[PDB]
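Here's a solo chain for you in structure tokens, the form deposited without the RNA.
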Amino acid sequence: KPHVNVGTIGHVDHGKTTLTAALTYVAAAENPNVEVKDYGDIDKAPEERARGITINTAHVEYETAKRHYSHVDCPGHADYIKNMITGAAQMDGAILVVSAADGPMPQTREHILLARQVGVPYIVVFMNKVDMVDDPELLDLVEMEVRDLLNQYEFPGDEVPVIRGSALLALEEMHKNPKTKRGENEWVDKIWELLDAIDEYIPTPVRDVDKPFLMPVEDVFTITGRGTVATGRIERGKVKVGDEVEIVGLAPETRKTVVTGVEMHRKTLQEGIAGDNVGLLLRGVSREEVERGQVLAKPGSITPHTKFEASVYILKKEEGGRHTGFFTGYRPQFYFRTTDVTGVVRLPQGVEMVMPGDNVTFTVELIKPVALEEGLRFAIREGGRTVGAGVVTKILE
């Protein structure tokens, strides 16, 4: 029963939390396993330490016929910014909640943008609080505000599902009648539309193991009679001997070789699979030709680069980051996967100085190339300390 990661985003007070609890109670009915949670519990998210940052985050699990959804919900707009970016929990899709009373709001528009920068593959809307509004001209109005926003950030606003309802009401019915099921109640039934929407519109994702092969080099060693060895946990896909791969990054050019040998826990091994911390025998590679920080991957699967654009969040001083701001020309270290790689920043027009606590978008240009791809997450460091966290959003070269 495939597993998917979702979460509620949207402006404060629009009701992402109440809608969250409803989802549990409602789906539980047809899925007894499913552990029902209420408002207060979810409303009080725990802290979570991620990349050096703390994010109040709440989680919940619910099941449909089609799947198992683990679902996030945070208490503050800040928690959203940080979560999404450090990618504490990675949305495979997200449920966007908007007050029918207010239409989309600033955070609303912000979560859309992030969701797009950080790569959310699909957004589905749940217009809540609809019980405060009869006038369908109004409900239409809001729906439309919302779609144009989505369209502004490239979501297919024209297509997503905008389901209108009352999380508050549905939740009480689940309260009154835990055993209520489909067709029985109206408010509950909008939740079923949401849930259906989800199962339908949010793509079932690629299992890591099926994604193109990539393993990031951690250590390099020579086995006297055997040769050069790149070690590290495989991020995705798999390798079996005889497999040819590319050593990407840092070097001036990409090299190709053949795993002539996997190995783990000392013993040998026939295939290296995602999740696996192996050591591979690279064939025809000097101890120079390969180094920590490069990546090995299924050939042609990833490219090296130096100029890219990123969405970033800069730690506060209180969180252990910088204590004064910076300008274009700031040149910290960019820690990609396993190592630092210096880079110079260039703030966009309109930005003149970035401050501790901000979150912005700029370009960077690195000293050496690195196997980069959009969505590639990273850290910004000053002497080993993390001063910020970002996500790669665009390659420029």
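Start at 1 and count along the sequence shown; that's the residue number.
Just so you know, the form deposited with the RNA bound exists too; it's not on screen, but the next bit is about it.
By the 4.5 Å heavy atom rule, the three marked residues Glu47, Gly279 and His323 all count as contacting the RNA in the deposited complex.
Note on contacts: among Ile123, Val262, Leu171, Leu315, the single residue with a heavy atom within 4.5 Å of the RNA in the deposited complex is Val262.
Of the candidates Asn56, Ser70, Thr64, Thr361, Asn56 is the one whose heavy atoms come within 4.5 Å of the RNA in the deposited complex; the others do not.
Heavy atoms within 4.5 Å of the RNA in the deposited complex are found in one stretch of 126-134, 186-194, 226-234, 95-103, which is 226-234. Interface residue remark: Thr204 is not counted as part of the site for the RNA in the deposited complex, having no heavy atom within 4.5 Å.
Contact check for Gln294: no non-hydrogen atom falls within 4.5 Å of the RNA in the deposited complex. A residue is said to contact a partner when one of its heavy atoms sits within 4.5 Å of a partner heavy atom; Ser286 fails this definition for the RNA in the deposited complex, lying far away. Shown alone here, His111 lies farther than 4.5 Å from the RNA in the deposited complex, counting heavy atoms only. Within 4.5 angstroms of the RNA in the deposited complex, the stretch 380-396 places a non-hydrogen atom from each of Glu382, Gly383, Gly384, taken in sequence order.
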